[PDB]
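Below is one structure, written out as structure tokens; the observations come after it.
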Amino acid sequence: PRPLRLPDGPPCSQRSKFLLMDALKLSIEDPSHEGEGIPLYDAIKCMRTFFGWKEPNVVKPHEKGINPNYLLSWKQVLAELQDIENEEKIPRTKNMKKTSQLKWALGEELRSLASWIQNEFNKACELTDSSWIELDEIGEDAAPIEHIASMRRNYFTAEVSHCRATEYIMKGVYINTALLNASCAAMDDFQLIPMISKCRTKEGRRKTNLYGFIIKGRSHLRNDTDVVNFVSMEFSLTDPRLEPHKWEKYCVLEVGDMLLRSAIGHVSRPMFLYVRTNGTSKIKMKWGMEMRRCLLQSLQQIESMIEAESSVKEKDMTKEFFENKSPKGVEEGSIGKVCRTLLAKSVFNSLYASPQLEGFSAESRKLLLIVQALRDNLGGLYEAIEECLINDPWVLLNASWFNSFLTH
Ligand SMILES: Clc1ccc(-n2ccnc2)cc1
């Protein structure tokens with residue numbers, strides 16, 4: 001009966017492991033330098049495509065942190081990358097000096113819904129100008145797949161291969177793979193770990209992208225829940241003073257100026273560096289390495305809808321579904337947007353996983369069925385649900401969405 005009660009408070013703030021809509025890439029095309037494919041070599045080549053660096057300064061301090069240490073840490077990254085450029089053979093990995101600023105940074109309340117998380121979600125459903133996965137990316141079948149399964153997979157893949165949520169998947173798979181590997185290969189080192197992704201342009205050109213860096217702390221991970229701390233340093237064109245509540249956990253630096261094409265001609269815009277301390281565990285990195293399953297889970301939700309239509313119509317409805325041939329339209333606007341919306345929710349469930357999300361998802365689905373039953377044919381459950389509406393942006397956004405469902 002009642003709409004869910006969302007908490008009052010200061011706006012919720014960003015809590016993802018890496019930047020989403022605000023990320024910025026320095027990229028190299030068709031890379032062919034010596035040692036191409038080694039993360040550190042790619043990172044340096046990406047860094048050297050940019051000529052607008054300048055003396056960095058704090059433009060949005062971290063209110064609870066030691067801001068001079070975040071500044072020192074970024075200047076240390078740049079200095080140590082220069083040292084690598086001066087060694088004859090670029091090494092495969094780079095362990096940072098255990099400076100005072102890095103030792104500090106590596107560790108050696110009700111919130112209301114803010115509009116930024118819905119905007120993040122809209123951004124994640126969008127198409128980009130690049131493809132982020134191969135044609136046979138989805139699935140892990142041992143045997144060749146049937147004709148109908150293949151047809152459905154190829155339809156779906158064409159709709160999500162360029163999706164921004166798919167960039168987040170591959171970004172997430174790469175950085176969790178590299179951090180989990182470093183956590184056992186270099187347990188005592190403050191290893192510098194580039195944040196990289198790869199894509200293919202519309203013209204078919206292979207591109208390598210640098211988002212920033214993380215520096216990992218000491219990582220003797222004896223069990224799945226042991227934490228390795230890290231410091232993330234991420235490029236962005238987003239000025240943090242426009243939405244400061246989003247950036248509560250970050251110290252934000254201004255590190256350069258970038259020349260850009262736009263709807264005017266060339267414009268110069270400042271480049272920022274978003275810095276925060278963070279942590280993760282073996283179990284979370286293993287999930288991060290599995291983010292490609294978001295593609296399979298969302299494909300299966302689509303296949304479920306096709307199999308429903310195919311049972312009512314005693315025929316395979318794959319083509320009629322994906323070509324939008326009984327329904328006379330698509331509420332989201334197009335079949336492609338249905339696919340990408342399903343994918344973005346799966347991805348955000350992974351990016352923003354939490355016990356609040358798990359609690360809200362089960363208990364709200366119970367209230368859901370009850371309210372349809374009362375709708376079609378005509379307490380303390382509310383406490384279970386609203387116990388999960390504390391401060392998590394994604395859970396709060398889903399609660400807001402649920403209330404749109406109650407109104408309609
Ligand atoms: Cl690879 C690389 C590029 C630029 C810099 N840098 C030095 C000062 N400002 C940027 C350091 C390393």
Side-chain angles (χ1 to χ4, degrees), residues 4 6-7 9-24 58-62 64-67 69-71 73-74 104-107 110-124 164-165 168 171-172 175 195 211-212 214 227 229-254 272-281 284 288 344-345 347-361 386 388-403:
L4 298 167
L6 272 55
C12 59
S13 72
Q14 182 64 290
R15 63 163 281 252
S16 50
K17 295 307 177 188
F18 44 83
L19 297 186
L20 300 182
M21 70 194 279
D22 302 289
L24 172 67
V58 174
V59 297
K60 206 291 296 178
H62 183 197
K64 295 184 201 298
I66 303 305
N67 291 286
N69 285 345
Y70 297 119
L71 185 56
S73 294
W74 166 242
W104 172 87
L106 296 164
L110 291 183
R111 296 303 177 91
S112 62
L113 178 63
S115 60
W116 65 260
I117 177 67
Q118 171 77 66
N119 292 332
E120 291 281 11
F121 179 84
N122 298 342
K123 292 285 168 169
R164 171 91 53 197
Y168 296 162
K171 182 178 183 181
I175 188 53
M195 301 175 53
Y211 300 92
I214 74 182
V227 179
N229 298 337
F230 60 93
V231 182
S232 51
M233 297 168 179
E234 293 173 273
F235 314 134
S236 182
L237 300 177
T238 300
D239 193 321
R241 294 156 299 195
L242 307 173
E243 269 184 323
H245 57 275
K246 182 169 184 192
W247 307 118
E248 163 191 25
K249 278 95 143 189
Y250 294 79
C251 169
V252 186
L253 313 180
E254 177 164 345
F272 301 98
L273 187 79
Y274 281 73
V275 186
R276 62 163 297 179
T277 59
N278 212 331
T280 186
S281 61
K284 283 173 178 141
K345 291 179 176 176
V347 169
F348 269 42
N349 283 339
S350 167
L351 291 176
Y352 291 104
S354 75
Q356 283 179 54
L357 178 62
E358 290 298 291
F360 172 90
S361 302
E386 292 166 331
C388 307
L389 308 187
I390 300 148
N391 55 35
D392 181 278
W394 178 236
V395 187
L396 294 188
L397 180 54
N398 277 271
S400 166
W401 286 347
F402 190 92
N403 282 345

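One is the number of the first residue; the rest follow in order along the sequence.
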With a 4.5 Å heavy-atom cut-off, do [X] and [Y] have their side chains touching?
X    : Y    : value
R276 : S232 : yes
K246 : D22  : yes
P393 : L397 : no
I214 : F18  : no
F360 : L4   : yes

Nearest-0.5 Å distance that lies between atom [atom1] in [X] and atom [atom2] in [Y]:
X    : Y    : atom1 : atom2 : value
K17  : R15  : NZ    : CZ    : 7.0 Å
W394 : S350 : CH2   : OG    : 11.0 Å
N122 : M21  : CG    : CE    : 8.5 Å
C251 : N69  : SG    : CG    : 10.0 Å
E120 : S115 : CD    : OG    : 10.5 Å
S354 : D392 : OG    : CG    : 4.5 Å

Specify the closest pair of heavy atoms between [X] and [Y], including all atoms of both residues, with the distance to one decimal.
X    : Y    : result
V59  : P240 : CG2-CG, 4.4 Å
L20  : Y168 : C-OH, 3.1 Å
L6   : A399 : CD1-CB, 3.8 Å
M233 : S73  : CE-CB, 3.4 Å
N67  : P61  : OD1-CA, 3.3 Å
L396 : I390 : CD2-N, 4.3 Å

Using the ring of each side chain (for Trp, its six-membered ring), is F235 parallel, tilted or perpendicular to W74, with breaks at 30° and 60°?
-> perpendicular

Where does the angle between the aromatic ring planes of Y70 and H62 fall among parallel (under 30°), tilted (30 to 60°) and perpendicular (over 60°)?
-> tilted

Does NZ in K345 sit with more than 12 non-hydrogen atoms of other residues, nucleotides or ligands closer than 6.0 Å?
-> no

List the steps and the verdict of side chain to side chain contact (heavy atoms under 4.5 Å, CB included) for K249 and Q14.
-> CA-CA 7 Å; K249 278 95 143 189; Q14 182 64 290; over 6 Å; no

Audit row: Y352, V395, side chain to side chain contact (heavy atoms under 4.5 Å, CB included) steps and yes/no = CA-CA 9 Å; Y352 291 104; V395 187; over 6 Å; no

Donor on one side chain, acceptor on other, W401 and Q118, under 3.5 Å |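 Checked: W401/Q118 side chains pair up, N/O donor to acceptor below 3.5 Å.
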
When you measure from the side chain of [X] to the backbone N and O of [Y], does any donor-acceptor pair fall under 3.5 Å?
X    : Y    : answer
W116 : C12  : yes
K171 : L19  : yes
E234 : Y211 : no

Among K60, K64, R111, which residue meets the salt bridge (charged side-chain N to carboxylate O under 4.0 Å, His left out) test with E248?
-> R111

Take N229 and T277, measure what side chain to side chain contact (heavy atoms under 4.5 Å, CB included) needs, and give me the verdict at the end.
-> CA-CA 7 Å; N229 298 337; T277 59; over 6 Å; no

Could you walk me through whether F272 and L24 pass the side chain to side chain contact (heavy atoms under 4.5 Å, CB included) test, one step at a time?
-> CA-CA 9 Å; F272 301 98; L24 172 67; over 6 Å; no

